[PDB]
Number of protein chains: 4
Amino acid sequence: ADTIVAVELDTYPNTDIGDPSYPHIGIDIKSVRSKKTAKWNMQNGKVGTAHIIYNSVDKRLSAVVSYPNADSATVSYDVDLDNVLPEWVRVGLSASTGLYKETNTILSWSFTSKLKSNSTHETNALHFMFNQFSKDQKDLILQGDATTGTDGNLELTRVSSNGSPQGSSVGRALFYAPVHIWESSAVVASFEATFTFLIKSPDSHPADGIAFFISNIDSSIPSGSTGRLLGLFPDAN
Amino acid sequence: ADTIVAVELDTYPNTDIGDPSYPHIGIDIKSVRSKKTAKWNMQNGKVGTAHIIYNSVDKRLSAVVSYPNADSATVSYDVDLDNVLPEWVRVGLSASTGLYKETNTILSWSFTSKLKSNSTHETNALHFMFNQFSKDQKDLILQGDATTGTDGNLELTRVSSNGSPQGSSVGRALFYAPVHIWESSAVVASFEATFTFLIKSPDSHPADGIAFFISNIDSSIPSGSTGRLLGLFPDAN
Amino acid sequence: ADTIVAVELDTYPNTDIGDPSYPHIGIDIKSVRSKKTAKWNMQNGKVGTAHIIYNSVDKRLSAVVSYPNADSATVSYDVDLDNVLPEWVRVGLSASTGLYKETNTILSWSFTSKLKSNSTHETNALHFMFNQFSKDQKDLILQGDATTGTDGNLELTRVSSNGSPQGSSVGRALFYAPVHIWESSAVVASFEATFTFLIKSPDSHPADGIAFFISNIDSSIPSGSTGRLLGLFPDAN
Amino acid sequence: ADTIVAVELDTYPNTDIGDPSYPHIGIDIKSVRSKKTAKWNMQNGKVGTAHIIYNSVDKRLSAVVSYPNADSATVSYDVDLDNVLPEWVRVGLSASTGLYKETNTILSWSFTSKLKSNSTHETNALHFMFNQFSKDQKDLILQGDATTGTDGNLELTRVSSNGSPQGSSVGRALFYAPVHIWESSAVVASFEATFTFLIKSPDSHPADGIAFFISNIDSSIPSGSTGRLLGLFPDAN
DNA sequence: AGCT
DNA sequence: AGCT
DNA sequence: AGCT
DNA sequence: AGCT
Ligand SMILES: *OCCCCCCNc1c(NCCOCCO[C@H]2O[C@H](CO)[C@@H](O)[C@H](O)[C@@H]2O)c(=O)c1=O
Ligand SMILES: *OCCCCCCNc1c(NCCOCCO[C@H]2O[C@H](CO)[C@@H](O)[C@H](O)[C@@H]2O)c(=O)c1=O
Ligand SMILES: *OCCCCCCNc1c(NCCOCCO[C@H]2O[C@H](CO)[C@@H](O)[C@H](O)[C@@H]2O)c(=O)c1=O
Ligand SMILES: *OCCCCCCNc1c(NCCOCCO[C@H]2O[C@H](CO)[C@@H](O)[C@H](O)[C@@H]2O)c(=O)c1=O
Ligand SMILES: [Ca+2]
Ligand SMILES: [Ca+2]
Ligand SMILES: [Ca+2]
Ligand SMILES: [Ca+2]
Ligand SMILES: [Mn+2]
Ligand SMILES: [Mn+2]
Ligand SMILES: [Mn+2]
Ligand SMILES: [Mn+2]
């Protein structure tokens with residue numbers, strides 16, 4: 001199956017698979033059972049920002065999720081991604097709903113990756129920035145229920161015409177180009193991802209969450225991965 | 001056929017298809033017969049730099065080609081690319097040889113494109129920078145004789161084991177992601193490309209040249225486009 | 001006197017010094033009497049965006065001023081800045097009021113300048129981006145009535161405690177670092193500036209405007225340059 | 001006195017002030033006695049690269065120093081710079097010689113700093129890149145013996161016409177603009193610095209080293225700070 | 001830019 | 001490299 | 001682009 | 001929120 005590294009914004013506690021009993025952010029290394037979590041004060045109907053960073057010096061994957069004028073949540077985990085991911089990856093956003101639901105609306109997404117060669121000390125870099133999504137966004141691979149262009153946003157999961165989120169939905173968007181995320185012959189490598197999101201639910205319990213993820217290039221939504229599996233994992237192992 | 005906009009670095013005068021009688025840089029709009037040329041003092045065996053710029057305000061495609069401590073060649077042409085290219089494109093480098101030959105070696109390639117929306121005044125951007133090419137460069141589409149990784153360079157046309165360039169060769173490299181090069185609903189848009197190149201010919205007269213090009217996403221090398229057609233055009237019309 | 005190149009967003013027609021009879025954008029080369037103008041449909045109380053671009057290949061100074069979901073105004077003028085400005089400059093924003101008034105509020109300002117050496121083909125670059133201004137913004141030189149930090153904005157001209165703009169006010173903000181805007185030994189050079197602005201007038205007719213300008217490093221507000229002189233020029237010559 | 005945070009490339013063991021008995025890289029927090037060091041295989045006469053990184057999420061200052069095709073040295077130290085530096089700083093390079101000497105030649109210097117506001121989630125950024133230094137580099141403050149333009153390089157300490165380094169020399173270069181390095185109201189902040197250097201000595205023991213530093217804006221070379229104090233500290237406390 |  |  |  |  002696929003190889004996944006992800007930062008999850010998990011709106012729904014699935015205590016049966018080791019979620020904490022509160023909405024949380026997590027670092028997922030090849031499992032939906034986060035290697036590290038932090039409590040997250042998700043604000044229903046508010047636009048939030050997620051920031052994810054990693055470099056090959058510290059080998060610490062860190063995320064910050066925040067809303068304007070509120071305290072941020074942060075989670076960090078030490079991991080050598082050279083030992084986890086393939087050298088070449090795709091990067092993407094994923095989201096799901098299950099019995100309970102929410103909008104999984106992405107208003108912006110940026111990514112930057114850099115590799116400096118040990119042999120020449122010259123740098124290879126990729127950067128993309130989406131502040132608006134068009135109805136035909138040819139540099140995004142849309143999987144499952146994901147759609148673009150509705151008010152210039154990326155709707156990862158199904159929403160009705162009047163903005164009501166639907167249950168049992170999963171969708172993802174991957175950047176078209178493969179990304180060279182590590183190289184043994186690189187002296188320094190880094191990436192950063194940022195996205196803005198709007199999670200809104202009429203349900204007393206919103207579900208299930210949004211994730212930024214890094215995968216094998218040919219990654220697809222695993223069969224059955226609605227709800228707690230966030231469109232990333234084939235099972236809850 | 002494909003739709004091509006290109007900046008040619010033409011090392012071989014084909015006077016029978018309207019080339020000037022000297023090595024030259026040109027702007028090619030849907031024809032190998034340049035809309036505009038400038039004289040180019042190509043320096044056999046020296047690393048040079050090409051810089052290509054366009055924005056939606058001036059709608060003037062401009063190029064500068066130079067070698068360190070020499071005077072540059074510059075060519076400009078007014079063209080509304082909204083009336084020539086599809087909205088979504090790929091960008092690439094092309095080169096060819098014919099009965100005369102040369103190395104068509106690319107040492108670096110960078111590209112930046114930006115679109116600012118009329119409705120939100122927010123910007124979408126893409127940037128890539130290759131200062132080294134690997135043996136398996138998954139974010140490049142290699143066509144024809146193009147190879148990567150030989151001394152960390154992109155060799156657009158065939159070079160033998162003994163290092164000598166081959167005749168009748170054509171090759172191209174395209175960036176994997178489609179590029180949104182214009183949008184009627186963009187208030188301002190721009191792109192810039194830069195590459196560094198090394199053209200070496202032992203065989204007296206070098207041929208045929210290198211081009212930076214913008215094409216339909218599904219562009220392929222036209223069959224028989226060796227020599228004066230520079231891997232870009234199916235004929236000399 | 002100082003040496004000024006500016007893009008004016010002129011909200012008040014001064015027909016006695018050669019303004020057109022409508023609010024307009026202009027290119028000012030060493031005179032308040034614009035070398036080129038375009039009609040500008042200024043929208044009282046709306047946030048707008050100005051984009052200014054120049055490169056050493058085309059030597060065409062261009063500006064686009066627009067509001068979301070409205071048609072832009074654009075103005076261009078061919079000028080070799082090597083023959084007008086000193087090699088080293090400061091860049092700034094200026095605004096004024098006179099017997100008529102307006103808020104001259106700056107919400108964001110970004111600037112990028114690049115110089116590529118003819119001898120090495122290596123690039124020197126400067127970039128700054130202000131999306132918020134603090135009460136003590138040590139990388140800005142504030143002149144005249146300019147203040148920062150009020151709602152995170154840069155107020156170029158005086159606004160009273162009750163929020164109403166004052167007449168006969170002039171103020172400017174310059175970036176602290178000198179900028180190398182041209183070099184004879186540069187093979188390619190460029191700059192771009194962007195700012196967002198909010199011009200509000202209760203007093204019927206708004207005056208006088210905002211300008212982006214480039215000056216000698218030691219530029220100061222010319223004494224008496226309120227009203228039609230836009231904080232840039234000592235007289236209307 | 002001044003407040004200094006520095007990354008030292010220390011070529012000369014001063015065991016009397018707690019240097020290790022080998023050339024080393026160090027993190028200096030308000031003292032020449034490094035809070036952390038790593039062994040450094042300095043290569044006399046070779047061009048090296050230094051990379052320094054910090055962000056407000058991890059609050060870990062890290063450096064990597066390397067030469068092409070050799071193993072890098074890395075040093076990291078956990079420090080909350082909000083508790084060390086003033087909010088506004090200058091950034092610079094410093095170097096010294098004493099009884100023993102070396103060239104302290106800087107071939108390139110880049111710096112990037114970003115602050116994201118907790119209230120708006122908008123970013124303020126500064127970036128500069130010097131790949132060549134001119135004889136009159138108006139955006140650098142040169143202190144002590146530092147000179148620019150000799151072969152397009154920054155010579156931090158004194159060198160003769162034939163390239164022979166001089167003893168008892170100290171010099172620094174600071175970027176002209178103040179830098180907003182931390183803000184309590186910033187949700188995420190980062191900086192990165194890179195420079196390339198050429199340390200060459202005819203002496204069996206080269207001395208004394210190069211440092212990247214962050215200081216109070218009005219920082220000057222302390223009296224007597226040649227040799228082991230690297231132009232940064234007034235004493236060896 | 002619109003009213004006298 | 002000097003000083004104990 | 002230079003030699004016959 | 002259900003299941004023990
Ligand atoms: O009355 C509303 C109050 C809050 C309700 C939250 C329940 N608390 C709770 C659960 N229990 C249920 C485990 O989830 C069952 C539903 O499973 C389906 O729906 C979810 C959400 O969409 C999805 O994750 C699943 O995959 C599945 O589709 C806890 O463990 C806990 O805490
Ligand atoms: O100052 C510049 C002088 C350089 C040589 C000028 C022309 N040399 C030349 C020609 N010219 C006729 C056209 O070329 C015929 C050969 O055509 C094949 O080779 C070229 C080069 O690779 C290619 O462009 C064509 O498409 C074709 O493959 C000669 O016959 C000769 O010698
Ligand atoms: O469609 C556009 C119509 C807007 C009003 C047109 C003119 N209005 C106007 C004039 N015109 C004469 C010139 O202005 C005289 C006042 O001058 C002072 O005020 C202006 C504005 O702040 C300033 O530019 C000058 O430098 C001076 O401070 C009137 O007299 C009147 O009413
Ligand atoms: O024959 C050469 C072999 C290597 C010589 C290195 C000495 N080893 C050593 C020292 N001892 C001397 C302490 O430094 C004395 C000189 O001080 C002056 O020169 C240095 C270098 O320029 C400078 O740092 C000082 O500030 C002063 O100007 C150790 O402690 C160690 O190891
Ligand atoms: Ca969950
Ligand atoms: Ca040709
Ligand atoms: Ca006016
Ligand atoms: Ca030392
Ligand atoms: Mn979870
Ligand atoms: Mn041609
Ligand atoms: Mn005017
Ligand atoms: Mn030390």
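Below, all heavy atoms of this structure are taken into account, side chains as well, without hydrogens, waters or symmetry copies. Throughout, a chain's letter reflects where its sequence line sits, starting with A, and its residues are numbered from 1.
- Protein atom OH of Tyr22(D) is 19 Å distant from nucleotide atom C1' of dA1(F), rounded to whole Å.
- Between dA1(G), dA1(E), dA1(H), one nucleotide has an atom nearer to the side chain of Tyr100(A) than all others, and that is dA1(H).
- A search for side chain to side chain donor-acceptor pair (under 3.5 Å) contacts involving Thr226(B) returns nothing, not counting sequence neighbours.
- Between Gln43(C) atom CD and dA1(E) atom P the separation is 13 Å, expressed in whole Å.
- For the pair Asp19(B) CG and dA1(G) P, the computed distance is 12 Å after rounding to whole Å.
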Quiz item: Can you give the dot-bracket line for DNA chain F, where a pair is Watson-Crick or G-U wobble with both atom distances under 3.5 Å, crossing pairs use [ ], and | marks a partner on another strand?
Solution: ....
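- Between the P atom of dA1(F) and the CG atom of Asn14(D) lies a distance of 15 Å, rounded to the nearest Å.
- Under the 4.0 Å criterion applied to side-chain N and carboxylate O atoms, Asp19(D) and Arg33(D) are not assigned as salt-bridge partners.
- For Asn69(C), there are no side chain to side chain donor-acceptor pair (under 3.5 Å) partners at least two apart in sequence or on another chain.
- Residues passing the side chain to side chain donor-acceptor pair (under 3.5 Å) test with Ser160(B), sequence neighbours excluded: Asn162(B), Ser164(B).
- The side chain to side chain donor-acceptor pair (under 3.5 Å) search around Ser34(B) returns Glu8(B), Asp28(B), not counting sequence neighbours.
- Judged as a side chain to side chain contact (heavy atoms under 4.5 Å, CB included), and not counting sequence neighbours, the contacts of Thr157(D) are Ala95(D), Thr97(D), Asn104(D), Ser169(D).
- Rounded to whole Å, atom P of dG2(G) lies 14 Å from atom OH of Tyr12(B).
- Atom CZ in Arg228(D) sits about 15 Å away from atom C1' in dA1(F), given to the nearest Å.
- Counting to the nearest Å, the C1' atom of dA1(G) and the CD atom of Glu102(B) are 16 Å from each other.
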